[PDB]
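Heads up, the chain shows up twice below as structure tokens, two forms, tagged structure 1 and structure 2.
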Structure 1
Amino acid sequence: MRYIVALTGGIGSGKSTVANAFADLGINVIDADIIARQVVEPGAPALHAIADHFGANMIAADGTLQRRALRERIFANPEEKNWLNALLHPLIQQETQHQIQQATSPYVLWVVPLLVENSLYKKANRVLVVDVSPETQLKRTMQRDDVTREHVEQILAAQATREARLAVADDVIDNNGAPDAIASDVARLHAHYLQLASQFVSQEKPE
């Protein structure tokens, strides 16, 4: 049984930067997006039901998914998008706990961009939020993606607010100024998490 520390943050908060810092400390990272990408890769059951629902030509000859192609027709008929979820959802769910169970580190870092939006913090033991100013969010996204300021702002208005994230955070790490000052905080958090991880299974009283 692994202690699950969930990580989340808005677009451009540098989630990857924080996750890698924990990775360097020996923690296994389970990214929610990679999980989502794997359940629809060659061999996966999800490919099948896709061909049965949307169509046979949904899956290329080499068995791989026409990922960027499917993403089109779905947003062309967004009412099926909900369907394409009841299918992948339980699978994502299964793969995620399968990889939590496979981790050997004292605790795992579960990076969930939509932690707040999908209330996935209800499945975490600890919630770490990487926090930055909305300004920084705009800045970094206007460079790493080459988009207008009103394009990112349009995204921000679609994700949970900064405050909504802080409302469910157990720990918060500041990341709006050089991916190096992070070292200090991660080390602190990491030390505490090991502490929590080693005691949670047999702890008689909360905290």
Structure 2
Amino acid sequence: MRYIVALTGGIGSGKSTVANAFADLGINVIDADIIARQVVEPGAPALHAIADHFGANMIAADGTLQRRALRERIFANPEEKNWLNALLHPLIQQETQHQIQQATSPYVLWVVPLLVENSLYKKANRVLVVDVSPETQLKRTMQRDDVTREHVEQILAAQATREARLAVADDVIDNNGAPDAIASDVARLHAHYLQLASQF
């Protein structure tokens, strides 16, 4: 069982800036969002199974999963939510575990945007939260996605509070400012995690 450090943070926390710094130190980074999207990408067996089970309306114009349609369809249908979890959870867990086993670094960085929201923190040895202000989240998302302020407000209202993230945090890193000093902060975390990984 390779030592797992979960990285989490809200929308617009600039998580890639922190993850890249660990990658630069030779840490294998395993991205939960990339894996989840991969499992249901066009041509993937789980996407075919979802379309067969729920219908062709689950497929968007570009061939990808219509995620809103699926959510609405399984919403308040517990049997179908249980079916969808029984399909996707083993597939995602198996790909995640495969990437962990293939990793060569002394510990891995598991990047999980919805770590708190989905109660997944118990799967990691250590939780690092990327801490940012709501203002920073709002600014970065609006510049990134070309979306309205009110649209980001709704996303923030639905995500975890900062106090909620810290409740499961072992480590916090402020990423409100410029990315310039992050590698220096991460260098210290990295040394600590090599120590923690060695005695785990």
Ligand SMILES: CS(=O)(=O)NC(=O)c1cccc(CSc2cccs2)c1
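We call the rigid core whatever largest set of C-alpha positions still superposes within 1.5 Å between the two forms. Throughout, residue numbering runs from 1 along the sequence of structure 1.
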Next item on the list: Please let me know, 1 or 2, which structure is the form deposited with this ligand bound?
Entry: 2
Margin query: For the core superposition between structures 1 and 2, please identify the residue among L65, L156, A169, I182 whose CA shift reaches 2 Å or more.
Written below: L65
Check: With both forms fit on the core, is the shift of the CA atom of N77 between structures 1 and 2 2 Å or larger?
Finding: yes
Notebook entry, point to check: Taking the rigid core as reference, does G26 move its C-alpha 2 Å or further between structures 1 and 2?
Noted result: no
Check: Under a superposition restricted to the rigid core, does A44 display a Cα displacement of 2 angstroms or more between structures 1 and 2?
Finding: yes
Check: Cα of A56: shift between structures 1 and 2 in Å, core-fitted?
Finding: 7.2
Notebook entry, point to check: For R144, what C-alpha shift in Å results between structures 1 and 2 following superposition on the rigid core?
Noted result: 0.6
Notebook entry, point to check: Can you give the C-alpha shift of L88 between structures 1 and 2 in Å, rounded to one decimal, after superposing the rigid core?
Noted result: 1.1
